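Be aware that the sequence shown starts at 11, since it is given in the deposited numbering, and climbs by one per residue.
Every residue, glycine too, gets a C-beta built ideally from N, C-alpha and C.
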Amino acid sequence: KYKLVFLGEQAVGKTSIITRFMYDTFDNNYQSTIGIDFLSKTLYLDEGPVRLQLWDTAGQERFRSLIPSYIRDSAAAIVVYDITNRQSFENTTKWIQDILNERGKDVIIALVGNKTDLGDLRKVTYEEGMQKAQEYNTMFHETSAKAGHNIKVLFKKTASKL
Ligand SMILES: Nc1nc2c(ncn2[C@@H]2O[C@H](COP(=O)(O)OP(=O)(O)O)[C@@H](O)[C@H]2O)c(=O)[nH]1
Ligand SMILES: [Mg+2]
Numbered sequence: 011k012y013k014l015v016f017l018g019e020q021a022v023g024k025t026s027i028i029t030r031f032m033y034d035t036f037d038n039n040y041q042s043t044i045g046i047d048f049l050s051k052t053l054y055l056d057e058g059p060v061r062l063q064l065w066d067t068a069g070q071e072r073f074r075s076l077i078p079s080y081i082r083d084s085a086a087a088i089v090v091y092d093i094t095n096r097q098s099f100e101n102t103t104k105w106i107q108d109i110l111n112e113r114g115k116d117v118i119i120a121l122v123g124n125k126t127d128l129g130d131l132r133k134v135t136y137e138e139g140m141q142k143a144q145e146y147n148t149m150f151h152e153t154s155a156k157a158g159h160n161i162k163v164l165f166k167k168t169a170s171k172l
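Below, the structure written as structure tokens:
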């Protein structure tokens with residue numbers, strides 16, 4: 011079993027990405043919520059099966075004292091932002107630092123730009139996201155939980171190198 015924690019500002023798409031991967035579905039009528047959740051899934055890689063334990067967190071500032079417990083013992087950490095929201099992107103550094111403080115080098119980190127189906131509303135370029143990821147040597151991906159685009163490769167890459 012490997013603990014994968016999802017971090018990021020409220021409403022960027024953490025719950026939706028997780029749902030998309032778990033049941034390959036999307037709630038088009040889903041109106042943002044506050045809460046935490048745990049879900050695990052087994053992925054079969056051309057090397058053997060890998061059990062993943064996904065932690066869906068609550069990123070609002072009022073829950074900051076819970077961050078250490080979110081990240082503790084994690085094998086991987088996904089920092090998610092919204093490509094249409096500049097402020098959610100500016101906060102990625104904060105989340106990446108929380109990860110480094112708590113786990114140092116013993117964790118795989120991935121930076122994800124979500125909501126790629128709203129390209130017309132993009133406020134953060136792919137370039138910017140990629141540079142941030144390169145600054146901290148993390149993985150970089152842009153996804154769309156709504157359309158269900160480029161999400162499976164994210165979990166496959168994490169489950170493979172970990
Ligand atoms: N257009 C679009 N909306 C999305 C996408 N992912 C999530 N959303 C919507 O954005 C809102 C916030 O998503 P949610 O998963 O609750 O965010 P969380 O706070 O990170 O868990 C919801 O109303 C979702 O339906 C996406 O890829 N595209
Ligand atoms: Mg959520």
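Item: Could you tell me the distance, in whole angstroms, from the CA atom of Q63 to the CA atom of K13?; Value: 5 Å
Item: I'd like the ranges of any beta strand (DSSP E) spanning at least 3 consecutive residues and lying wholly in the stretch 100–163.; Value: 118–124 and 149–152
Item: Taking only runs of the alpha helix (DSSP H) that begin and end inside the stretch 58–83, which ones reach a length of at least 4 residues, in chain order?; Value: 77–81
Item: Please work out which residues of its chain come closer than 7 Å, Cβ to Cβ, to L55, disregarding the five sequence neighbours upstream and downstream, and give them in chain order.; Value: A169 and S170
Item: Would you kindly check if the distance between the Cβ of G123 and the Cβ of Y91 is under 7 Å?; Value: yes
Item: With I93 and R30 assumed to form a contact (beta carbons below 8 Å), what rounded beta-carbon distance in angstroms separates them?; Value: Rounded, the Cβ-Cβ distance is 16 Å, inconsistent with contact.
Item: Less than 6 Å separating the Cβ of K11 from some heavy atom of ligand 2?; Value: no
Item: State buried or exposed for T126, treating a residue as buried only when at least 16 other CB atoms are found within 10 Å of its CB.; Value: buried
Item: Beta-carbon separation of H151 and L164 under 7 Å?; Value: yes
Item: Let me check understanding here. Comparing Cα to Cα, which of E19, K142, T43 and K11 lies closest to residue 4?; Value: The requested residue 4 does not occur in the structure, where the chain is confined to residues 11 to 172.
Item: Which word fits residue 6, buried or exposed, when buried means at least 16 other C-beta atoms lie within 10 angstroms of its C-beta?; Value: For the chain, the structure presents residues 11 to 172; residue 6 sits outside this window and is missing.
Item: Ligand 1 and residue 177: does any heavy atom of the ligand fall closer than 6 Å to the residue's C-beta?; Value: The shown model of the chain, from 11 to 172, leaves out residue 177, and the question about it has no answer.
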